Each structure stands twice: as C-alpha cells, then as structure tokens.
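Protein chains in written order, with the deposited numbering: chain U, 1 to 94; chain Y, 2 to 59; chain N, 2 to 117; chain L, 1 to 136; chain V, 5 to 85.
Backbone N, C-alpha and C fix where the C-beta goes; we use that ideal spot for every residue, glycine too.
In what follows, a single structure is set out as structure tokens and then discussed.
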Amino acid sequence: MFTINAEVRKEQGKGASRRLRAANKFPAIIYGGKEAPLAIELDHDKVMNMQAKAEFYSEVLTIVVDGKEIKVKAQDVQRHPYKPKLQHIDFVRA
Amino acid sequence: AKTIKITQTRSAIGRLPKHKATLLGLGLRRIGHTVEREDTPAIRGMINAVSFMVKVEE
Amino acid sequence: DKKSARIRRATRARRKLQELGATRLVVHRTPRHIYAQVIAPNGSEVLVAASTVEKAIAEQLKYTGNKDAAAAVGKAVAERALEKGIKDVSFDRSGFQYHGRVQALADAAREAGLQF
Amino acid sequence: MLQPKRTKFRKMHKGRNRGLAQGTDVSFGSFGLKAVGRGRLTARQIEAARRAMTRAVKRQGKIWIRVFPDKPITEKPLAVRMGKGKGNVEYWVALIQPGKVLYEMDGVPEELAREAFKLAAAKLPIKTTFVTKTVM
Amino acid sequence: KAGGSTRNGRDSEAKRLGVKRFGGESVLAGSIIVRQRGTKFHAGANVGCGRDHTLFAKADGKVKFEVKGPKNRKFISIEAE
RNA sequence: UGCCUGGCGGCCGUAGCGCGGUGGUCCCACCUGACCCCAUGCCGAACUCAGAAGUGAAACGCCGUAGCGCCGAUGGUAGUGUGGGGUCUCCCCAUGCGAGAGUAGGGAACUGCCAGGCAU
RNA sequence: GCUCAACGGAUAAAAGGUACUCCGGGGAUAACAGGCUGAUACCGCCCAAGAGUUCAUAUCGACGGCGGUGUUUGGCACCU
RNA sequence: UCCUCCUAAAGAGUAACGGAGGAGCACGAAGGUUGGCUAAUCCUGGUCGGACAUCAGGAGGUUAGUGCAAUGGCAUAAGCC
RNA sequence: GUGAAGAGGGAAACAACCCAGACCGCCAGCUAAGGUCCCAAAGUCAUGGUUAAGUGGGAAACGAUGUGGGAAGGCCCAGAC
Ligand SMILES: [Mg+2]
Ligand SMILES: [Mg+2]
Ligand SMILES: [Mg+2]
Ligand SMILES: [Mg+2]
Ligand SMILES: [Mg+2]
Ligand SMILES: [Mg+2]
Ligand SMILES: [Mg+2]
Ligand SMILES: [Mg+2]
Ligand SMILES: [Mg+2]
Ligand SMILES: [Mg+2]
Ligand SMILES: [Mg+2]
Ligand SMILES: [Mg+2]
Ligand SMILES: [Mg+2]
Ligand SMILES: [Mg+2]
Ligand SMILES: [Mg+2]
Ligand SMILES: [Mg+2]
Ligand SMILES: [Mg+2]
Ligand SMILES: [Mg+2]
Ligand SMILES: [Mg+2]
Ligand SMILES: [Mg+2]
Ligand SMILES: [Mg+2]
Ligand SMILES: [Mg+2]
Ligand SMILES: [Mg+2]
Ligand SMILES: [Mg+2]
Ligand SMILES: [Mg+2]
Ligand SMILES: [Mg+2]
Ligand SMILES: [Mg+2]
Ligand SMILES: [Mg+2]
Ligand SMILES: [Mg+2]
Ligand SMILES: [Mg+2]
Ligand SMILES: [Mg+2]
Ligand SMILES: [Mg+2]
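In structure tokens:
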C-alpha cells in the first residue's frame, strides 16, 4: 500500500508547472470514471522514492486530497529527459 | 465614466514601430506624460501591448 | 459493380447540371419498370414523379418494362409537369444510354410538351 | 564505421541542434548510456565506444546502438578560398540532444555495465550518464 | 591553390501564385481569386476555372472558402452581395 | 402512423472494412430468350431489346458483433509573440497563445424529399 | 528574314603583346608587414587496448576525446 | 536567357562562384466533342514459352499513367479506346 | 534597432552596446541605466546565509575525504566502524 498526499492546483499551465517543479513538487492528474478530472500536485522526493518499486506501478494507490482518499493506479508518468525526476503522472481511478 | 490614467514611464526610442503606433493611439507623447482614457477592451489591449513602458493608474 | 459504373457514368452530367442550376428530369431504368422524377435545382426535393409501379399507369399496360410503358411514363410525367407549370427541364439519363426505353420516354416528354 | 549505403542527396545544410531528444527510455536492453549534453557524435566516436564496451564485456551480453550517423559534414580543403561551391563530404555525424539514449546493454551485471559504459564515455565528447530499464 | 566551380547556379523566376482575395472579401465579376498550378482548390458556385487552373469570379460578391465532397476537397464559391 | 424497398440529395469515415446471421407479396438483383432497335477491334460478357419459368447462391439491403479503421478529451510537454536575463553554437524568467503524439473514453452513423408495397 | 545564346540585343562588319611604356584614380582591390580568427601547425592533457619475460601507467601508448599558444601553412580583406 | 524544387523564416517576394535537375521542342492528332473504359505489381493454373510475351482467375487499389525535367494536380478522371 | 545623418549619462578609455532623442538660459528639483571605502557624486545601510579561493578579478575534458544545504538508505548498546 502506498498513501500519497496531494493538493488541488489553484492555477494551471506552463508557468505554474515550471514553478512547482522549481519548488520541489510536480503536477499530476486523476481521471477516469464518470467524475471530472482532478488536477493535483505531489511532493517530488516522496513520489520519486515511492515509484522505484514495481509495486508502485502494479498495486492500487491511495491519494489523499482534502482528507478524501481516492484509490487509483499509475497509468502513465512523464519523466525528466535526463535527470532522475518526474514531470507529471496520470492516475486512473481504479 | 470609467476612465483611467495612463502614464508613459519609459522611452520609445528603440521600440518597435507597432509599439510606437500604440503609444500614438493612446496619445502618449513624452515620459511622465499622464493621459486620461476611457476603459474599453481596445484600450486595455494597447495597455497590454505596451505594459512594459506604461503605468496604468486605476 | 454495374450499379457503381452506372453512377460513375452519370455523375459528370449530374454535377454539370448541379452547377447549371437546371431543373432536371431523372430517368431510372430497370428490366421490369421505368421511373421518372423532376428534381429541383437543389437536388434535395422533387416536384413530380411517374413510374410503371403506379397502378394508374401499370393497369393500362401489357408489360411494365417495354418502350410503350416508357412512353406512357414520359407522357404522364410531362402532363403532371405542365399541370404544375414546369416546362423547361434537362434530361438526366442516369448513366444509361440514350436509346430504347430511355429515348422513347424522352421523345414522349418532348411530344407532350417538355422542352429539352 | 557507420555510414548510410544510399542517400537521397549527397550534401545537407548545417542546420541547428536545438530541442530535446526522443530516444529517452531504455527500450530494448536493461542498461543504457544516456546523453546529457548536446552535440554531434561521429562514426569513429561511436565505433570506438562500441569497441571499448565489447572488449569490456568479452562479447558477453548484447549491445544495442540507438543512434546512427546520417548527417554528412563537408569541409573545404586547406588553402582554398571561401567561394567556388560547397566543400567536399568528409565524415558523418549524428546530432545528439539531451536525453538521447546512445547505447543499450543486457546479459551482463550492473557493475560490469557501469565500467563498460564508463570506458565508452571516456571516448565521447559529450557528457553521459547511466540509466536502467524503468517500469513504465 | 585555385580551382572549382558550381554546376548548380540556376533557378527560375517566382510566379507570384497564391490567393489574391481571401474570405469575406468582396470582389467584382472576373476578379482573380487564386492562381495555382493544379486544382489545389476547386471551382464552386459562380466561380470559373481558367486554362491554367486559375479561379476567377463569374459574378459579384463575397468569397466563400468551404470543404465539401467525400474527398474533403476545398471549394471556392462566390456568395451574393 | 409503423415496417420494408427504390430513386434523388445533405454530410464525408463516430458514416469505412471485417465476422456471423437474415431477406423475396411488392421492389431489386440474378435470370429466360434474342429473327428484330442496338452491340462485340471475337463473343447478347458488356450495351440493348422482348420478357417473367426459377432463385435469393452471389450482389444488394437489414440486424448483430469492438479484430481493426476512425473520432477523441483533461492535464502536462514541445514550440512561440512581446518584454527582460544568463554560464549566450544554447537556455531561463514574467506574460499571452498553445500543439503533435499518446491516455481515459467514444464509436457498428444521422437526416431530408418523392413514390410503391404490406400492415394499420 | 538574326545560337543579335554576352539571350533589354553598343556596329552590317574586329584578335593579341608591352619588362620600352604612359595618364587619371583606388588601400572601394592584390603582393610585404600589421589586425581578427585559429582550420592547419606546434605544445600539453584525458581514457587505457596493448608492447614492456610477469606487470596498462620505468619508458612507450592504438581507437577516440578535451584544451592552450599565436609559431607554420592558410582564411578574411579592417589600416597603409 | 527560360522552367522546377530547396534555401525562403506557414500571404507575395527575397541573395551567394549556395544544394539538385531540365528547356531552345513535339503533335493535322498527341487538338475539339460524344459515348464508353480504369491501372502498377504479385499469386495460381496453363502448348511451344523461357525471370519476363499471350490467356483465365485472385489479391491489391493508382504504389500506375501524364510526349519530355521537377513540383502541384488528376476517378466527374486532366489517364485509356 | 542604432550609427550613418544623433549630442548627453554609463560600460576605464570604446561609431554600431545599455539608458535616453540637445530651441536657448538658470550657482533650482525629481529620476533612467549604472552605481554609493578613497581616486570620484552617493549606504563602510539593515537583516539572514555562502566563500578563504584575492574566487570575485580569464578558460575545457577530467580529477579530488574542500565546504554548506536537502531527501533517502544499511550496520549499530544482542555492541557497529
Ligand atoms: Mg514562458
Ligand atoms: Mg441481415
Ligand atoms: Mg442478361
Ligand atoms: Mg444471400
Ligand atoms: Mg492540452
Ligand atoms: Mg491532441
Ligand atoms: Mg465503422
Ligand atoms: Mg457493418
Ligand atoms: Mg551584350
Ligand atoms: Mg543582358
Ligand atoms: Mg600613375
Ligand atoms: Mg580595405
Ligand atoms: Mg597580409
Ligand atoms: Mg585552438
Ligand atoms: Mg587541430
Ligand atoms: Mg608492471
Ligand atoms: Mg604514454
Ligand atoms: Mg586523448
Ligand atoms: Mg566586406
Ligand atoms: Mg598597418
Ligand atoms: Mg512564401
Ligand atoms: Mg513569411
Ligand atoms: Mg493530350
Ligand atoms: Mg464522359
Ligand atoms: Mg508463365
Ligand atoms: Mg551617442
Ligand atoms: Mg565616459
Ligand atoms: Mg554613449
Ligand atoms: Mg569599456
Ligand atoms: Mg534624488
Ligand atoms: Mg537603480
Ligand atoms: Mg564620496
């Protein structure tokens, strides 16, 4: 089991996403199902440690936003082109 | 009626011809020139285009 | 195959009348029946129509797919067109040869009063 | 030395080498040598780093080469003035963006792949790094 | 060390093709809309095709670009005005 | 008004392929025959004519089916207009625009006019 | 009726030499030298396959890579 | 001198002793019109007959063709009788 | 875009760079870039860090227990190094 803490993005786009990756975070999105897609932001060192396991990309993960658990799976991840960092992760509601 | 103050704060010497025409459309002539214009989207678009060298007072 | 080659054979003069804005008489020919309809220059609605599938025409005939039926059809569609005030059309062979039943239809419509 | 057999055209513009790369993930093998810098790799530099890792593995494992030199490079001869046509094709390069995986390798241990790719990166002008096969 | 040449010195004159009147642009009858080699565009309503596939207006009005047909070809028509 | 079919369009693949099934009162198709109208650089194959014994085998139409084709977000990324900056072959910041590919997902078209048949 | 093709066509009709030379001008343009640059050159360095009885690094150092100098051959034509 | 593409920076245009190719004609039908038709290649079978003539079927669907260079077009064919 | 055909202030000096467009006069004020220890006008200003190289105040591959910060790990008072 992996429990990840997230926050809803107050603003989107290129300048915000660059500025989060400056401030040691990275955006992601939860989508799928009938609910609208949710634009979250994660801590980078936590999720970068959590993703080193294949359990991360196999099991069902719990994302806590506003104390509201969402069981998801890691659908796709955008990585930094030459640094061991994460740009963006897609989470599909399982 | 919904009028704002626009003040040219930088020079227009090396600037683009389109920006010089935008400052002419606002009626700014020299630096520190405070002008009084209505608040339309067309005015806001010229202020957006030359926001680096004007100062809108509203 | 035969249907498609007939459509390819018809779709040049159909597009030409489409840009001419021509009110057009459309013939359709089967071994048993023969069809006619007058189409507005938009190509989306009809004005008059006649066939050998109609009872009022077929009951006066021996066989529905001979030249005498085709002339009776071109006469009926011309008399309906002149009833509705349509006089000048352009004949669409619909990929058939202007020959036989098609020619006897158009000659009947010319003789009854349409002008093409 | 890698070289195209046929070309549609004999010469090519100098171009630029801006942008990020595409061959980012370790596709085929288990370990990879990823480019961090920017530049062009000749066919000699590619074949020398291939020799250094083939010898470092004693032909153990399988080595992929992800890049291929397809850009012709012209030079004018010495004591030739700047006019009178484009220079003669001298050698072939591959344009390298940051993130391009240059080589891949499997069938060997990780430490052996580290020392092989280090012996290869000592033959390359650009700065490289070591990568592994990531799940997703 | 003198020498060389260049078998590749030639080029032809620019034929000034393109679209002369764009969409929503009122034209007179006979006004050239597009000069082009092939039928990159096609002639629609009130638009003639020239000898060199030049699209000219047969009437007066506004130019209308539109995509029709099963092949998604680009047609030029003159709206009334 | 319902069903089915034929003709002419609109639209141009969410509309196309494939696979399975299904249709013959009418219509359509194949069909029968051809001395004639007409036809084959030979051939009634096609074109055409005179027809209606047979069959829905094929074709066509309809239904179903996600193996494809196709469509396709959200977010992010690339790029870039202006202004500014750096370590200036290349990048960054503010701001504005914002892809492509891919993912979730959608999806086995919709609709108009006329005519005919069977029911109502 | 012109390969007036030097193709907006100087005439219907035209090749060369000058170290025996001359005039007007140009650093708008070359040779010398300077300048910029540093391909080349030279001098270093990095990796280390190997040679060195064994032993990569006593001495060498393949395949390739990074610099420095302004020093050769050159490039440009900024001064004269 | 003329044509075509790139350079040419998504209107036009745009230079270099820049990168690549052609023209200095042909046709009294290879033009006009009406009518009709639809390729390349490959597979199988088949007398001489063979990798490859002609013939029949099938896949394919313009990968062909365009009097000639390239580009843009072309099925309503601008292609072929 | 500037110079050419444009002065002034700054970049030590420095046509083309940065700020900015000189009608004239004044022993008046505010500012731009750039600056505030002295040459030489203005902070030896304030708060919190980093550097010990005169780095600043010239340069690469590569090399190194220089030093500051961060996240994680594996041995360990059953006794680690
Ligand atoms: Mg930006
Ligand atoms: Mg069915
Ligand atoms: Mg028959
Ligand atoms: Mg059937
Ligand atoms: Mg988007
Ligand atoms: Mg998209
Ligand atoms: Mg479909
Ligand atoms: Mg279907
Ligand atoms: Mg001449
Ligand atoms: Mg001339
Ligand atoms: Mg003299
Ligand atoms: Mg000079
Ligand atoms: Mg000299
Ligand atoms: Mg050097
Ligand atoms: Mg050298
Ligand atoms: Mg030894
Ligand atoms: Mg040595
Ligand atoms: Mg070396
Ligand atoms: Mg010059
Ligand atoms: Mg001098
Ligand atoms: Mg252009
Ligand atoms: Mg442009
Ligand atoms: Mg011809
Ligand atoms: Mg025809
Ligand atoms: Mg054979
Ligand atoms: Mg000045
Ligand atoms: Mg000064
Ligand atoms: Mg100055
Ligand atoms: Mg200075
Ligand atoms: Mg002051
Ligand atoms: Mg200041
Ligand atoms: Mg002082």
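- At a cut-off of 8 Å, the beta-carbon of L/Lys-84 does not count as near ligand 1: no heavy atom of the ligand is closer than that.
- Between V/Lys-62 and V/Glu-83 the beta-carbon gap is near 13 Å, outside 8 Å, which marks them as no contact.
- For the pair U/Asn-5 and U/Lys-46, the CB atoms are nearer than the 9 Å cut-off.
- Distances from the alpha-carbon of L/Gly-99 to those of U/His-88, U/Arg-79 and U/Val-60 put U/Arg-79 closest.
- Annotation: the continuous alpha helix (DSSP H) that includes U/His-44 extends over 44 to 50.
- Under DSSP, N/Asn-43 shares a beta bridge with no residue.
- At least 9 Å separates the CB of U/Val-60 from every CB of chain L.
- If you look at N/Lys-3, you'll find it in the alpha helix (DSSP H) that goes 3 to 21.
- For U/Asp-76, the residues of chain L that pass the 8 Å Cβ criterion are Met-136, in the order they occur in the chain.
- Judged by DSSP secondary structure, N/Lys-56 falls outside any beta strand (DSSP E) and instead within the alpha helix (DSSP H) spanning 56 to 59.
- Here the alpha carbons of Y/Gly-26 and Y/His-34 stand approximately 14 Å from one another.
- With fewer than 16 other CB atoms across the displayed protein chains lying within 10 angstroms of its CB, U/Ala-52 is exposed.
- The three-state secondary structure of N/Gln-104, taken from DSSP, is helix.
- With respect to the C-alpha of Y/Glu-59, the residue from Y/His-20, Y/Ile-32, Y/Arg-30 and Y/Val-36 having the closest C-alpha is Y/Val-36.
- U/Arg-79 has a beta carbon lying within less than 9 Å of a beta carbon in chain L.
- Here the stretch 13 to 24 of chain V does not lie against the stretch 9 to 27 of chain Y, with fewer than 3 beta-carbon pairs under 8 Å apart.
- Within a 10 Å sphere around the beta-carbon of L/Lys-58 sit fewer than 16 other beta-carbons, which makes this residue exposed.
- Of all alpha-carbon atoms in L/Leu-41, L/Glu-110 and L/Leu-20, the one lying nearest the alpha-carbon of L/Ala-121 is that of L/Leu-41.
- Using a CB distance cut-off of 9 Å, L/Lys-84 counts as an interface residue toward chain V.
- Residues of chain V with a Cβ closer than 7 Å to the Cβ of L/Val-80 are, in chain order, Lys-5.
- One thing to note: N/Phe-97 has its Cβ no nearer than 9 Å to the Cβ of N/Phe-117.
- Where N/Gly-75 is concerned, the enclosing alpha helix (DSSP H) starts and stops at 68 to 84.
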